[PDB]
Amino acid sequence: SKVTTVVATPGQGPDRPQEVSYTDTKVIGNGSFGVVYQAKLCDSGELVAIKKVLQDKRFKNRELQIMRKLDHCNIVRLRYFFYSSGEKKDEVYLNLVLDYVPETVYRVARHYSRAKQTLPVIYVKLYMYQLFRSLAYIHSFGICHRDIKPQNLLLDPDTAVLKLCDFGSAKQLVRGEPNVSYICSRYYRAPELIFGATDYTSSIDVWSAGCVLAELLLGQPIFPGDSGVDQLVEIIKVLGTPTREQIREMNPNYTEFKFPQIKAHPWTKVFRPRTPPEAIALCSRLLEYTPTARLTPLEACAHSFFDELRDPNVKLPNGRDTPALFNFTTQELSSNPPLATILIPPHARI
């Protein structure tokens, strides 16, 4: 019954701090940057995640700046933020108070692989669709996540709601500005990243999404490797050897450097039999060498693989209705507004 009370600034709206009291503080996670706690708001009894990172008081926190602009049902909500000091004197910590979300795609996928089963396709559809909406939204602001991986896909198992989280690697990509190639986790890195390109687009997130789709179908990572070399060999084993043109599209400086000559492995034979053709088709349009050839997130949402989600009789296996799938805004559809006639089916929102 130990209560902590802070004066915390709401994430959205005007910069108007209020007194916030919370209790039942326990460490849900540790990342390189800092610790994540669970806590219960005293007023509502609602559970929150508090992400605590060391802050260079001088400069502004990019993660905070980005999350204050984000309002989407498939992105974890910033409820408050506040500053605290401890450990070393003169060390200030930024605290992000987020909606608590009990599971991850990582943990749920790990359960099914440990028990020798695959995630039922209905969840692959729900989870990937919600990921592609969250990407469609941030990409419409020029914001690239740059760390799309199962650990950063939060899940409410009861409602089947997915929330994208962890904007610590996130950055507004501006044409002609170079960006670091050393972002994004091992198995989910786009080939242009592995080739050390600094002129990459938001399409790195689509490749990462494709790696998550493939992984949920296979029950293991599709492009594993301890080195970039090992990863590229695993990519080449599936896509075949990239053409000199395809290489120019990824990183032009790496044309003269050479790798084994291999023909593309048929996508249908990459996955087990009775993996739905539409799932396989979508993968092939996400995991493309040429960044500009990859589907956009919004195009991905409109893919036939997600048609079951647009069926008026679709239900969760636990009997509940699907979560919000169709509450698109103008911002979200801006990349291609005509897709609205596919994305919003006749039965939705009337």
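Heads up: residue numbers just count along the shown sequence, starting at 1.
Once the C-alpha B-factors are averaged per stretch, 12-20 and 335-343 rank with 12-20 first. Stretches 180-188 and 239-247 differ in mean C-alpha B factor, with the higher average recorded for 239-247.
Within the selection 219, 150, 252, 196, the deposited Cα B-factor values reach their highest point at 252. Within the listed group 202, 275, 208, 74, the record reports its top CA B-factor for 275.
For residue 294, the recorded CA temperature factor ranks within the lowest third of the chain's modelled residues. In the deposited entry, the Cα temperature factor of residue 103 sits in the middle third of values across the chain's modelled residues. Among the modelled residues of its chain, residue 166 has a C-alpha B-factor that falls in the lowest third, as given in the PDB entry. Per the PDB record, residue ranking by Cα B-factor puts residue 215 in the lowest third of the chain. When the CA B factors of the chain's modelled residues are split into thirds, the value for residue 140 lands in the lowest one.
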